[PDB]
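Numbering (the entry's author numbering), first residue to last: 1 to 157.
For every residue, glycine included, the Cβ atom is placed at its ideal position computed from N, Cα and C.
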Ligand SMILES: NC(=O)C1=CN([C@@H]2O[C@H](COP(=O)(O)OP(=O)(O)OC[C@H]3O[C@@H](n4cnc5c(N)ncnc54)[C@H](OP(=O)(O)O)[C@@H]3O)[C@@H](O)[C@H]2O)C=CC1
Ligand SMILES: CCc1nc(N)nc(N)c1C#CCc1cc(-c2ccccc2)ccc1OC
């Protein structure tokens, strides 16, 4: 199963200056609950923003740099390599990888941030004619999670 894992705002902003424009623990909980014990495929630039690999999951980084070597990280150099990965594979970002993979994924796990932030990286546009809403769940708001958000699970028609 090949799925996109993304969090974008009302205008599909995903990042600003190599990082997330918001901190939302509920979305992090959503990521860990969903990707733990599976595989994350991310672009090279996104990994450098994180620094370390994420624990309890297989971390794959896509890069043209063949000399790439980081502790506890598997390396791939082509978009084709993704299909030769066992189990549930999550496309983790960022922009350029989302742009390439949107047309190829079966599945899509989107956290819609119900706001408008300043950003320089975006998620590709998508119509609901191509995607059916498998589930739409509102996020609960506490003192630590003050930005309204909706968890969407989208499956390709
Ligand atoms: N809100 C969210 O869900 C997320 C947001 N983001 C945000 O997005 C931004 C990152 O976007 P972006 O700058 O596009 O970063 P990316 O991680 O998507 O960059 C991808 C990089 O990997 C390499 N690469 C990508 N595709 C290929 C390919 N097909 N073949 C060979 N190499 C490839 C390229 O560099 P090279 O080959 O030279 O190494 C490229 O620069 C950040 O600002 C971040 O904050 C990121 C993830 C999630
Ligand atoms: C965590 C939001 C996020 N949510 C969703 N629904 N999909 C995603 N693909 C990402 C993402 C990302 C990429 C990303 C993640 C973390 C992070 C922070 C704390 C703990 C674990 C990871 C830090 C920087 C970063 O790049 C800027």
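Residue(s) in a DSSP beta bridge with residue i
i: residue 8; result: 112
i: residue 162; result: Only positions 1 to 157 of the chain appear in this structure, which leaves residue 162 out of reach.
i: residue 76; result: 62
i: residue 71; result: According to DSSP, residue 71 bridges with nothing at all.
i: residue 88; result: Residue 88 pairs with nothing; no bridge assigned.
i: residue 107; result: 3, 155
i: residue 122; result: 13
i: residue 150; result: 112, 138
i: residue 94; result: Answer is none; residue 94 lacks a bridge partner.
Which listed residue (the options) has its alpha carbon closest to that of residue i
i: residue 88; options: 150, 23, 59; result: 59
i: residue 95; options: 8, 38, 68; result: 8
i: residue 86; options: 78, 154, 41; result: 41
i: residue 130; options: 147, 102, 119; result: 102
i: residue 15; options: 45, 127, 128; result: 45
i: residue 127; options: 1, 12, 2, 80; result: 12
i: residue 36; options: 2, 107, 90, 68; result: 90
i: residue 57; options: 43, 39, 154; result: 39
i: residue 2; options: 23, 82, 150, 135; result: 82
i: residue 20; options: 99, 150, 122; result: 122
i: residue 98; options: 22, 80, 84, 124; result: 124
Inter-residue Cα distance where the pair is residue i and residue j
i: residue 32; j: residue 138; result: 18 Å
i: residue 48; j: residue 156; result: 31 Å
i: residue 71; j: residue 54; result: 11 Å
i: residue 112; j: residue 152; result: 7 Å
i: residue 115; j: residue 109; result: 18 Å
i: residue 78; j: residue 5; result: 20 Å
i: residue 65; j: residue 76; result: 9 Å
i: residue 214; j: residue 118; result: Summary: the structure shown does not reach residue 214, with the chain confined to residues 1 through 157, and so no result is reported for it.
Complete runs of the beta strand (DSSP E) confined to the stretch 11 to 61 [at least 3 residues]: Fully enclosed beta strand (DSSP E) runs of no fewer than 3 residues occupy 13 to 15, 39 to 43 of the stretch 11 to 61, in order along the chain.
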